[PDB]
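Below is one structure; the comments refer to it alone.
All of the numbers you see were taken from the coordinates with simple rules; none came from a lab. Positions of Cβ are backbone-derived with ideal geometry, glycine not excepted, and every protein chain shown enters the neighbour counts.
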Amino acid sequence: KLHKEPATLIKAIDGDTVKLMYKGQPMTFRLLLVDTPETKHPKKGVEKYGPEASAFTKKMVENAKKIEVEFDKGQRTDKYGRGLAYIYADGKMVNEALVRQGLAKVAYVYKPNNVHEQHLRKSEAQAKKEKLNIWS
């Protein structure tokens, strides 16, 4: 089964990336299954809603009492060294919150890291129906 492990915030870096202290080591975490508009896009740069997604993730993790990380069932790091995880702030999944708010889309899914896929797709569908942010 998947289980959560505690972590401590170091710095929110962008909408889709946060640096955490995990098992006593600083590490960069990429949020699984979501694509946010980025402020730090490799080519693009600062896309529309980038600033908004980035501020949303930052507030959510900076104002939390407890941060937890949840790994999926496949690879736990990507080719850049970043942890691949679902991040929880006081019990609430940051990945889902972003999608629910129309501040992220569900990404292209590489099995078998897809455990919360349907759940996020349901939230994405609701944000589209409500025409929030990216979908407005």
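The number of residues in region 19-56 that are touching a residue at least 12 places away in the same chain (Cβ under 8 Å), β-branched (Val, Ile, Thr) and out of contact with any helix residue (DSSP H, G or I) (no Cβ under 6 Å at 6 or more places or on another chain) comes to 1.
Filtered by the rule that a residue be of a type in the set (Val, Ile, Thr) and either at positive phi or in contact with a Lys or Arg (Cβ under 9 Å, 6 or more places away or on another chain) (or both), region 58-76 gives a lone residue, 69. Here the condition is being among the β-branched types (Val, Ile, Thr) and touching a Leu at 6+ places or on another chain (Cβ under 8 Å); of 17, 39, it holds for 17 alone. Do the conditions hold for residue 114, that is, is it crowded, with 21+ Cβ neighbours inside 10 Å and among the polar types (S, T, N, Q)? It is false that residue 114 is crowded, with 21+ Cβ neighbours inside 10 Å and among the polar types (S, T, N, Q). The residues of region 19-45 that are under 13 Å from residue 82 (Cα atoms) and under 15 Å from the mean Cα position of the chain (by Cα), listed by number, are 19, 20, 27, 28, 29, 30, 31, 32.
A single entry from 23, 105, 73 fulfils the requirement of being of a type outside the set (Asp, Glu) and more than 18 Å from residue 3 (Cβ to Cβ): 105. Taken together, the residues in region 75-99 that are more than 21 Å from residue 118 (Cα to Cα) and either in contact (Cβ under 8 Å) with a residue 60 or more places away in the chain or among the basic types (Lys, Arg) (or both) amount to 3. Residue count for region 108-136, restricted to those that are assigned to a helix (DSSP H, G or I) and under 11 Å from residue 32 (Cα atoms): 2. For region 65-74, state whether one or more residues are in contact with a strand residue (DSSP E or B) (Cβ under 8 Å, 6 or more places away or on another chain) and either under 18 Å from residue 134 (Cβ atoms) or free of Cβ contacts under 8 Å to residues at least 24 places away in the same chain (or both). No, every residue in region 65-74 fails to be in contact with a strand residue (DSSP E or B) (Cβ under 8 Å, 6 or more places away or on another chain) and either under 18 Å from residue 134 (Cβ atoms) or free of Cβ contacts under 8 Å to residues at least 24 places away in the same chain (or both).
Return yes or no: is residue 36 touching a strand residue (DSSP E or B) at 6+ places or on another chain (Cβ under 6 Å) and hydroxyl-bearing (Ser, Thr, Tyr)? So residue 36 does not fit the description; no.
Assessment of region 87-99 against the conditions (over 26 Å from residue 2 (Cβ atoms) and not aliphatic (A, V, I, L, M)) yields no matching residue. Would you confirm whether or not region 110-130 contains a residue that is at positive phi and without any contact (Cβ under 8 Å) to a residue 40 or more places away in the chain? The answer is no; no qualifying residue exists.
In this structure, residue 68 does satisfy being farther than 11 Å from residue 15 by Cα and of a type in the set (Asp, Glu).
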